[PDB]
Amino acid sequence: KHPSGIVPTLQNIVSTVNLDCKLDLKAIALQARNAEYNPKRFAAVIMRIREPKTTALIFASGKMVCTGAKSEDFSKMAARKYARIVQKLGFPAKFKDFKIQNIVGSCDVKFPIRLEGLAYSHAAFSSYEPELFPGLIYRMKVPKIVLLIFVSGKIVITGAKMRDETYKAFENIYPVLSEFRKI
């Protein structure tokens, strides 16, 4: 399952759910101390909980975005709590169409990488402009995932809606990273 012997650590999960009822954002920002509401800056009530440590963006439409969780289960668990906070605030909040929208993972191959050489041999997938951003942007097509590769051997993998895409994307890149190890 993990031939490299390295398993990317999940760092951030973004999920969405439909509370299925219109929400009064001022009433929420007023009643719940946990919330922040700034209409002129952003159309959402920003609310946070300690466990699982997450941040929710709550919209008048009843739609909700949940960010910050370390796993898919934690994200859904956090979403459910926010849904309950809203219910208790006096809204008929449900939990419709919960969905994991993005998974961000990271790992360390423990060896430096020759980024320019990797970029050159994979021009169609790479974007490496160190003066702009020190990491190489690798847009993997299968699976459709974006990896940020640094000289240190540290790797960020983002864009996955399923964790196996994070894993597979890493496994695909591993042999390439090795080929371009900095001696």
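Numbers follow the displayed sequence, beginning with 1.
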Q) Mean C-alpha B factor from the entry: is it higher for 170-178 or for 19-27? A) 19-27
**Q.** Of 31-39 and 130-138, the one with larger mean CA B-factor
**A.** 31-39
Q: Tell me which of 78, 113, 85, 103 tops the list for C-alpha B factor in the record.
A: 85
Q. Of the three thirds of its chain by CA temperature factor, lowest, middle or highest, which one includes residue 57?
A. lowest
Q.
Taking only the Cα B-factors deposited for this chain, tell me whether residue 123 sits in the lowest, middle or highest third.
A. highest
Q) What third of its chain's C-alpha B-factors does residue 72 belong to: lowest, middle or highest? A) lowest
